[PDB]
Structure formats: C-alpha cells, structure tokens
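Residue numbers (the deposited numbering), protein chains in the order written: chain A, 20 to 192, 196 to 701; chain B, 20 to 700. Here the structure comes first, spelled out in structure tokens, and everything after it is commentary.
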Ligand SMILES: OC[C@H]1O[C@H](OC[C@H]2O[C@H](OC[C@H]3O[C@@H](O)[C@H](O)[C@@H](O)[C@@H]3O)[C@H](O)[C@@H](O)[C@@H]2O)[C@H](O)[C@@H](O)[C@@H]1O
Ligand SMILES: OC[C@H]1O[C@H](OC[C@H]2O[C@H](OC[C@H]3O[C@H](O)[C@H](O)[C@@H](O)[C@@H]3O)[C@H](O)[C@@H](O)[C@@H]2O)[C@H](O)[C@@H](O)[C@@H]1O
Ligand SMILES: [Ca+2]
Ligand SMILES: [Ca+2]
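Written as structure tokens, this is what we have:
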C-alpha cells in the first residue's frame, strides 16, 4: 500500500476507489506533487477494458542499491538506488491479471504496468492508455505541441491554463497534432511554490510513444499514445509490459538535470565489449546545404531521378553540390589539423535530387556514390590523417526501402572503415498514414540500433522518436536530434528562441543526448537567416548540451577568422568522469562544469536566455590545493544575440577552489571556461 | 489510327471522342468483341485528371516476329508475333503526355499506358484507372467475386445480367482474409462465351510496380471497367514518370482450345533476366502436408501455452501435444516413399518454431524462418534426403507479417542454401500487416516481386501461396515456378461445398492464364480424417498431371493410400512435368478439357481428360502421335458407375497398341476424367 524514497522525502500512496479503479498519489516533503491519479487502459473491442473492478491480490516490496559504469556519459559511475512496490491486481469477472510496479528514488517516481502469462488476456489492442498525472495547481510549463510526426518546435513558457489559447500560435506549420491541450514529453514544469516537476517515460520498447493531454479544468494530464497506421495504440501480447512513466521532482532545478533516473530504469548494457564505441567530435559538409550555399544533389538536368536508370556519370553537374572529393578533402584537412575525430558528409550518394516532399519509396540505395565523390580515395585519405568519415543514411521516410538496403549499407560502412552513421526520417513515413512515433515505426528505429550493434556501428538518428534512456541498454545509440536543433537557426521564420538551450536540458535531454550541432561563428548565413546566438553562447554549448557526439557545424573559413575563440572548441572534451550543475533555471540559464575523462582538467559552460545576467560562480568543484590556468571566453558587455553576435573577450587568470568568478552573459549569450592545472 | 493482327482476323480502331476522350474498339472476324471503350485515369488531388481533352500528337507502327525458348513450359519454343500501334497523346491546357501502346496478335489484343519523361507530370497518384471493356451482349461468364485479399472462391457460371443476383451466394465467408468491393465486381482472368459462340478472356500481363486490376461490371450497358486494388491509404498507384502500366489483354477465339494454347500473356512480359537457368528444375513432389490440411496432424508442436514468444518460449522443455506432423520419423517416411517412386522432392510444413500462433492473431514476430522444432532434425533429414537423391522443399508461411519476412529473408535463404533446399513455398495467410494493407496492392505486390528477385540472386525457386495471381512474370523470372492464388485442392478438405466438380474445367481458362498453379492433385482417399468429401474420382486425379499444367506437381495424398492403389499410382509415377509440345484436343469452359503433351527430350506422350457435372463420352483423334509408329497406350479411366459423390475410387486400367490413325472413345464420369501414357514400341 505505501512507499518511500530511500531518503524519506517522497511518499507514494496506492489505493483502489469504490468501483475498483487503481489510483496513485505522490508527496514530496509533505507537498502534493501528484494528486489522486487513475491508472489502466481502454482496450479495443472489449466490453469492460482495464479501468476498474480490480482487487489487490498481492503486494511485494524490495530495495536495490548498485552502481554501474556508463560507456560514455556525464559521470564515471552512476548510482541506482530505489525502493520497489509491485502490486498484483486481479479484475473481477474476467480474472485478468495486471501488475503495477513502482520504483521510488531520491530523484522521484517511476512506474509501469506488467501483464503476466494468463488465460483470458493474450492478444489485445490498446485503444488508449489511461495513466493520469493530477497536478496540485496551475503550474508553469515549458512545452511543445503534442505531435505524432515531429518534435522540432520552439518551446512555450506558460501556465497550464494558457496552453489552450496559446495553441493557435505555438503549432507552427510531416506533422500531426491531436488536441488543443496536447503536449509532448519530456514535459518540464514549475509550481507556484517552487517545485520542479518533470513528466516523461523510460525504456520505450515495443510500444507507442507517450504524449500528454491536459484537462485544463482540473489540471490533470493523461497519457495520449501515438496511433499507428490503422489508428491503434499498441498491438500487445502477454506476457508483456509498458515502458515506465516518470515523475522527477526537486526543490532545486539543478537536480532535475543531474538525475540518472531515466537511465536507471532501462536494462543494463546488452553490448558485452564496448571499447569500439567512441565519443566523437566532428565537422562536416553539412551546414553548407542547410544554410543554402550548396546542394545535396549532383545535377538539375532531370525532373526526377530513378536509381539504376538515371546515368549520373553522364548528367550535367549543377556545380552546387557540396560533397565533392575536393571539398571533403578540405574538411578532412581541417579536422586533422585541429584534433577532430571525424567528418560527416551529406549528399554523397545517388538520389538527393528527390530527397524531400515526394513520398518516394526507392529514394536511395545507401551504397552508390555520386560521380564527384570518390568513396575509396576519401576514406583512405581520412584514415591516413587519423580521421574517420561519418556515414549518412537519410531515408526520407521510406522505411521498407531502408530495411531492405540496411545489411548491404552497413557492410559497405565496415568495408571502408565507417563506424558511425547519422540516419534520418524526413517526410511522411511510408506508406502514407503511418506516424513517426507509433509502436510500428518505433520498432524500426530499435531494429536499426540492434543491427548496427551486431556490426559494431554507432547510430545517430535524426527525426526518430525522442529517447527514453535506451542507450544504457544499447550504448551504440550515441545520439538523436528529436527536437529543434541548430538547423532551424538557418530556416528563417523565428529560428530558435534565445532561451531554447536553457530549456532543452530540462526536456529533450532527459532520455539521452542531442546532436545539436553547435559551434556557429557566422550568424548571418548564405540564405539570409539569422542565428539567434553569440559566439560565446556557441562555445558554451560543448558543456551545457551534454553529448558524446559533438559537432562544430560552421565552415573552416569561419573558424579560421575567429581562431582565438575556436581554441575552446578544440580543447573541450566530449566525455566526462564527473559533472556539476552550478546554476539552473529552465528558460533562463544553465551553468555547469565537467571534468574531462582520464584527466584532471575541467570545462565549464554558461548559456543565458532573453534577460542579460551577471552569473556568480563558486569554483569549489576544482581540487583543493591546486592552481589552475583558467581561460575565460565571454560575451563582450555590448554583445547581443540579435545585433552584436560576434563580440567576445578572452582572458587568462590563475584560480583555486577558493576563487569566485563573476561574469556578464548577454541576451542569448553565455561563457566558456577551460581549467588546466599549472605544472 | 487502325491496327490488324498478322493474320487479318482482328481489327482495332482507335479514336478520340468529340471532347478528347480516347476510345478503342476490337473486331474479330467482322464481329464486335470489344465495343467503343474509354481509356485513361482519374488522379487524386488533380483538377482535370487524364480522362479527356487529348489530341493525337503522333502515331508509330511496327511489327515483331521472333521465337524464344522457355525454361519450362507446355512447348519447347514459343512464337512472339504481333503488329504494334503506339499513339502519343497530348492533353490540352496541361500539355501532359500519355502514350497508349497496342499489340495485336493472332490470339488477340494487349494494350498499356506509358508516361514519358515530361515537365508537368512527375509524381502522381492514381485514384482509379478508367479502362473499359464494352461487351457486345449479355455473354455467359465464368467468374469469382472481386476481392482485395483472396481468390479462393468457387467459380460461378452465369449471364452477365445474373451476376448481381448471384453475388449474395458466390461471396462465401470463413476466410482469414477477404475484402469485397462491389455487387458486380469480379476478378481476372475473367472468361466469357458470347451468345453466338466466341470465347473472350479479359486479363492483364506484367503486373509490375502497380496495383492488381479487378473488373467492375456496369450491368445496364454490359461495360466492364478497371477497378484496381487500394493500398493501406486507399490509393491505387503511387506513380513516377517515366513509367508504364501493365498490359490489359483481350484473348479471343471461336475455338475454346486456342484460349488455352495462347502464349500472349507470356509474350507481353520482358525476356528472362536469369542468364544461367539450369538450376531451375521442374519438380514432382510429395509432402508432410495433407495430413494437417485434412485434420489428422497439427502444424504446431505444443498446446501447453496460451501463446508463444519466439526466443523466450523454450520448446525443448515444452509438452509435445503429440499431434505434430513434422516429426523426424514422419518426414523420413515421406522421404522413403519419394525415393522409392522416383519423386524429386518432399515439402514439409510445421518444421519451424511459431505454428502455435500461425492463424488469426495478426502477430508480427510470428516466425523466424530458421529455427527448427525440437522433434525435427533439420541436419539429419536433409542429409538423409540427399543420400537418397531427394530434396526437401522449404516452407515459409509469413502469416501476413511481411516486414517480419523481409527482415528474416536473407538469413532464411542462406539457411536454405546451407542445407541444400533449392525451392521454397511461401504463404500469406491472414490479413497483411499492418492492418489496412491488402494482399494485391501496389505495395504488397512489390514485396512478392522482391521475394522472387532476391530468391533468384540465391538461385532459389519460389512457389507463393496467397500472393497476387500471376500475369506472365515467370518469363522474366522463371524461378517463379508457381503460385496458388486460387481455390486449390486444400478446399476439398475444408467442408462446406469443397470444389465444384467442374472447377478444374474452369481454372485453365481463368487462373492458369498468367502462369501455373500448385493445385496439389493426386488424391486417392476422398473421405478424409476431418469428414470432408473431395469431389473427384481417382481418374480425374490422375488426369490433372496433364490438364492442370505446372512445372511443379504434387502428389498430395499419404504414402499409404498410393501404395494401396499402386496400379493407379503408376500413371503419377510415369507422367512427366515438362514438355516439348502440347495439343488441346477438346475444351469447353465449365464442361471438359482434353489435352496431350509430349515429355521434354522424349518421344513419349501423356494425355488427360477432366470432366464436369455431366457424364460424357469423349471421342478423340490420336493424330498428334508420330506417323508410322506404334505406341503402348495405358488408359486409366473411370469405371461406368464411377461418380464424384458416391463412387470415387472405381477405375479401370487397360493396355492397347495404337497409331496416329487410332481413334478412341472413352466414358468420363461426373467429376471424373481419364489419363493415358503413350510409350513407343
Ligand atoms: O501454410 C499453411 C497452409 O496455408 C495455406 O492455406 C491455409 C488456408 O487457411 C485458411 O483456410 C482454412 C479453412 O479452415 C476451415 O476450418 C474453414 O471452414 C475454412 O473456411 C478455412 O478457409 C484461410 O482461410 C485461407 O486463406 C488459407 O488459404 C496454403 O495454401 C496451404 O497449402 C498451406 O499448407
Ligand atoms: O538528411 C538531410 C537533413 O535531414 C534532417 O533535416 C530535416 C529538415 O529537412 C527540411 O529542411 C531542410 C531545408 O534545408 C535547406 O535550407 C533547403 O535549402 C530547404 O528548402 C530545406 O527545407 C525540412 O524543411 C525541415 O522541416 C526538416 O526538419 C537532419 O535533421 C539534417 O541535419 C540533415 O542535413
Ligand atoms: Ca531535422
Ligand atoms: Ca491457400
């Protein structure tokens, strides 16, 4: 019946209502966080469903406290410490068995449903999941519109009661909305009385992606899963279980960011030997096309292309193509010179003339280079300079087409020494009517990952479902996008709000890292769009947007122009033995310092929102009795993300654990700091 | 503007109506066979579509006459002889280009639409094809209901005007997957006979990268119109120019026998793309099969479990339900039998984990196509078969889970090669997943195509049950050695009405146009374990090895039953499965077929008669035999009192010496037939 966090700060009461509805309640430090909340499911072609009429057949309690070592991460060792309540339910009349399993951590609550092997529930279909989160009042939320096909929205900050009226505008126009009060997870909130509340899920395997629908009379969120192509919300087979649903809570917003709860609820690694999994700093032939300077395509001779018919070797080059042998060489040369691990190349393969908007099945083959891209020479050239290429497999939504070519594509990767692939799923999923985050498409992303692992290939999947901690289980999933990235800074309209990167950690990053592609130095790009950041904001992102996969997205020539600033990007690590969140408020600021794996050096970043601010940090995370050379890369006092983006200062100062530092950060600005011991 | 067959029998007039609608008209021996008939398409989200407002921009004529050698077939050489008219159309306002290409053979008409590379039509979606066949009168038709997911129906014989009223009855239920569309909708191949004695077949050829064509009848004016199969989004073709439709075919003769002889369907398919074809082997086989179909055995190994989960359920530790057919001991019996009687192969079904959930669960991860049940020793059985000069046939039932088959496909074909399986029988029982998809859409059609093409890269032959009905594609991929794609012998074991007695006198004039069927003939025990009565005589069952052409021929009954009737079984052991020549001697759809074939590479002939509801005396000329030579004929016939309902196992066998000048007179019972081997002295 009742359950406590190890530290006694959380209490979860579970009971049944008069009619047999199962309900839960969560309490933090004597405060209601989750009020009485119903659980269970509406099932298709089922009189009675799984909503009510249960009895408690048994309860079982236990405790767990172990550490595991991530392959890559924010810390060298993570603590998995919880108390567990398993409630076995039995429904009257049907005698169907449903377990609700709760784990209560010092960071908050996770729960899931289990269906054991039984006689009167075998194959069933979920019409709707009926999992509630009753809020204590009209909290502030940081939210994106509920959508079955994209998460690439700017966040809105508002009360819960304002979501309805704001939904006309926040839903900017592959996308499918569902409700005027529907929102995605991870969802971040802050109560009128200073509690930070995160609703999300963990271990999204073999199940549809959960969104939340708000009842804005009573402030109750309810699970609203993603329909597949037939409109269903889970083809289930017992014995089976749901992903966990997570309520991470703290009176200190920094603890939300530091939580490993999401990972903790996923199964331990299923990869036995993990040393081939290598955190990666990279450049690429990428932003050129994103910002309208180059094309993915080789030719414009043809209205459409047909692979195996169009003869590319005899087509007129349009001469805008980014992925030329000469251009890739330049990026290789730049990566090698500056200690980067890899270079991504997009537009390398036949088919880019028809990549977007055509709902085209046989859109790519994932193996055949354009005539102007010498796959063999370039891979040899890169390896000779101690660099790798990153394979790119945009699918343009044609999932069957990808699965058929996948083995051959991974083989070709291995044959030329590619160990990582950036995938994509742009456009409607084929065949039309399918959604990007259904149980059905979710299984594709899962299969891609699993198969990549069999080849010892790493995967970074754009346009896929947002992560839910599955990289603990498959640490070859070194990234996704699955949110609005730097690319939108090049797409005109509103680009990304100045405070975007002060919300992403509190939402999107819960579940796993993002390939945000930071590192922009020229904010006014070829197609006229204005990147809403300062240079110092861009340097800070290598620390404030944690990821084992970190791009420097701008052109070689722009880094050359601002070589002094670029030093931080060259110096910063991408893997860590420890991390300390120093300051954080969603929508406003994040400051964090991290200690580079296998070193005694630290790197710090600050990102700042709309309101310019003076940050004051304690350098207590440094080792006692040591001196460090700090180099501080900061906004100039008149820097500004709209009108003065390229104004930064660089200064050196020797510091100790007892030093304090005070730093202006501009509007949409930030700062970065390297700390190296003195010898 | 006008076109003739090489022999002058057919004239095809093409015109445009006052408003620019394209129309065609087909005339046989001065008689209207296809009246003025509209052509073009309704396109989705398009102002104007492709229905009218065309002008003729150009026409082009040509002729073609060459022979090709099939890998397997009814004849050693096939003649491809036609005259061609290509009409380039251009639409007003949009300036879109559409070519209609016509080929006129001595056997009839084929036409298709082509879209060349152009500026104003790239990506488009067909909402409906508007291709008509205006009939000359209220013909007699032999038809099954139009359906997106099964062709497993008994045929009906009726006037066109009677189709609507008969449709409550001909649309029989209890199928795992079936979806009707119209009270006057029918499938192709569709066979007809006019009130005045012409035989008319409507069908298509080269069903590639396009949705399967059905026909909807307007029974006021006797006009059939193309009604294609919707995909999961309701569309009837995601197209990209340059592209083309399959051909639409109107096969006509005043002699029913010429419909059966026509190679027009094959002629309209592209030449073989398999360069080296000698691994492609016509096959006579038995199997662990009918036992399960007739309710004596199971496909499943255990009944301990409500459901099974592959990779979780430990089968090695489950209670055998003890009904499982594909035991090591039982397969060995069929291997022993096959080797003893000169059969090439043995099919085995239920060999692999997952059969406990194979039907009606709409289950994705239903099979893995590689993991044997504990009671089936894959390694030993394959070695035992090869040691006795026999092969196994792999079975890959998918249970509708197409993505699950595609993901396992390479590993499954690899495993075939590792153990010396060179042919696979596939299945698509149950609704295609994910729900909403149909068995004959453009999308699922592409899967069947991919399975065949991939099989070819592995030098594997394919036999696909529940797939789309064939359209001559085996010329291009002769590793497609069969389909079912119609109501086969299995329904003889499924109670209800089983198969009408005249079923096999209609299939050749309908289903067989496009390619062979794995009909699984050869039943000697007509009263089977589950109580169902097979509607045939023994002699009918022998005849089918000749009257139902296929390079893949099963003897579906149990070893026991063939040994019991060993005298009759001789014909099955003797009969060939590939032919240098064939002659249709008599044929009338729904009533009778008699045909003789010459075994490839030999001077031996084999003949079969199958007979419908009415008992009849057949009277044939043996002139197909070589002049001046004597043959031992053995005639396996119905006894006088044989009958498909009440006296199924009564046959006579007599030997007689014959020449090209012999004439034969032979009674065939109701649902009966006769079979004859001719060997030179
Ligand atoms: O691979 C397994 C077999 O699969 C195909 O045929 C199976 C056949 O199953 C169902 O028909 C069975 C039958 O069950 C009776 O009890 C019932 O009265 C009857 O109506 C029902 O149809 C599906 O309905 C059907 O679509 C399917 O064809 C192959 O063709 C077999 O050779 C193969 O062994
Ligand atoms: O694989 C390529 C690309 O795929 C994802 O990007 C998705 C993105 O695609 C569209 O926008 C691309 C945009 O780029 C240039 O600016 C062109 O010049 C434009 O006309 C074109 O729209 C779409 O508009 C977006 O809404 C969509 O999210 C990856 O995330 C990328 O990193 C990758 O390069
Ligand atoms: Ca994107
Ligand atoms: Ca069947």
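We treat Cβ as the ideally placed atom computed from N, Cα and C, and that holds for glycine.
- By the C-beta density criterion, residue 26 (chain A) is exposed, having fewer than 16 other C-beta atoms within 10 angstroms.
- Within the chosen limit of 6 angstroms, ligand 3 does not reach the beta carbon of residue 368 (chain A) with any heavy atom.
- Contact with chain B is absent for residue 427 (chain A), since none of that chain's Cβ atoms lies less than 7 angstroms from the residue's Cβ.
- Here residue 604 (chain B) has 613, 614, 615 and 639 as same chain residues with Cβ atoms under 7 angstroms from its own Cβ, once five neighbours each way along the sequence are excluded.
- Chain-ordered, the chain B residues with CB closer than 7 angstroms to the CB of residue 453 (chain A) read 250, 251, 252 and 462.
- DSSP places residue 624 (chain B) within a strand segment (E or B) once states are collapsed to three.
- Within the region 361-392 of chain A, the residues whose Cβ lies closer than 8 angstroms to some Cβ of chain B are 380, 381, 382 and 383, listed in chain order.
- At a cut-off of 7 angstroms between beta-carbon atoms, residue 313 (chain B) makes no contact with chain A.
- Pairing residue 132 (chain A) with residue 269 (chain A), the inter-Cα distance amounts to about 15 angstroms.
- For ligand 1, a non-hydrogen atom lies closer than 6 angstroms to the CB of residue 446 (chain B).
- The nearest non-hydrogen atom of ligand 4 is less than 6 angstroms from the C-beta of residue 484 (chain B).
- The shortest C-alpha to C-alpha distance from residue 600 (chain B) to any of B:71, B:83 and B:92 is the one to B:92.
- Looking at the DSSP output, residue 448 (chain B) bridges to nothing.
- DSSP, read as helix, strand or coil, puts residue 405 (chain B) in helix.
- In the DSSP assignment, residue 233 (chain B) falls within the unbroken beta strand (DSSP E) covering 232-237.
- At least one C-beta of chain A is nearer than 7 angstroms to the C-beta of residue 325 (chain B).
- For residue 243 (chain A), the CB contacts under 6 angstroms within the same chain, skipping 5 residues up- and downstream, are 152, 234 and 236 in chain order.
- At least one C-beta of chain B is nearer than 7 angstroms to the C-beta of residue 141 (chain A).
- Within a 10 Å sphere around the beta-carbon of residue 488 (chain B) sit 16 or more other beta-carbons, which makes this residue buried.
- DSSP, reduced to helix, strand and coil, places residue 413 (chain B) within a strand of the structure shown.
- For residue 465 (chain B), the enclosing alpha helix (DSSP H) starts and ends at 461-476.
- Excluding the 5 residues flanking it on each side, residue 178 (chain A) has same chain C-beta neighbours closer than 8 angstroms at 157, 158, 159 and 160, in chain order.
- Judged by their CB atoms, residue 266 (chain A) and residue 225 (chain A) are nearer to each other than the 7 angstroms cut-off.
- Counting only Cβ-Cβ distances below 7 angstroms, residue 138 (chain A) has contacts in chain B at 325, in chain order.
- By the C-beta density criterion, residue 585 (chain A) is exposed, having fewer than 16 other C-beta atoms within 10 angstroms.
- Where residue 86 (chain B) is concerned, the enclosing beta strand (DSSP E) starts and stops at 73-87.
- Three or more Cβ pairs closer than 8 angstroms define a contact, and the region 671-681 of chain B meets that threshold against the region 642-658 of chain B.
- Residue 350 (chain B) sits close to residue 400 (chain B), with the two beta carbons spaced by under 7 angstroms.
- Within the model, the alpha-carbon separation for residue 587 (chain B) versus residue 561 (chain B) is close to 8 angstroms.
- Cβ-Cβ separation between residue 40 (chain B) and residue 63 (chain B): approximately 20 angstroms, too far for a contact (criterion under 8 angstroms).
- With respect to the 7 angstroms criterion, residue 230 (chain B) and residue 460 (chain B) are classified as neighbours on the basis of their beta carbons.
- In the DSSP assignment, the residues bridged to residue 263 (chain A) are A:133.
- For residue 437 (chain A), there are no neighbours in chain B by C-beta distance under 7 angstroms, as the nearest C-beta there is about 17 angstroms away.
- Interface annotation, residue 572 (chain A): not in contact with chain B, CB-CB separation never under 7 angstroms.
- Residue 374 (chain A) and residue 574 (chain A) have their C-alpha atoms spaced approximately 24 angstroms apart.
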